[PDB]
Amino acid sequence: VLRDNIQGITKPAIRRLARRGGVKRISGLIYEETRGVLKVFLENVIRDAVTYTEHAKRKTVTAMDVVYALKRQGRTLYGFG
């Protein structure tokens, strides 16, 4: 059973995302604040994605489902499956 997979987003991966974000120096508290932010972000897209899946009486979340979900949030994504 899947539990605590939020820790699967390693300090290293969060450090790399910040470099792209152009961040030079990071505080120790940042990593946990970020898991939180990423957690909420995902709970929101997947809820919607899954809501779309259910309405089509399917059992598989398709990329379209994620794509429609993102559009509903003003985070339109190009190029997907």
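Here, rigid core means the biggest group of C-alpha atoms that superpose within 1.5 Å across both forms. Start at 1 with the first residue shown and count on from there.
- For the pair 5 to 13 and 57 to 65, greater average C-alpha departure from the shown form in 4 other deposited structures of this protein after core alignment is found in 5 to 13.
- Judged by mean Cα B factor in the deposited record, 56 to 64 ranks above the other of 14 to 22 and 56 to 64.
- Mean CA temperature factor is higher for 23 to 31 when stretches 23 to 31 and 43 to 51 are set side by side in the entry.
- Annotation for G74: CA B-factor lies in the middle third of the chain's modelled residues.
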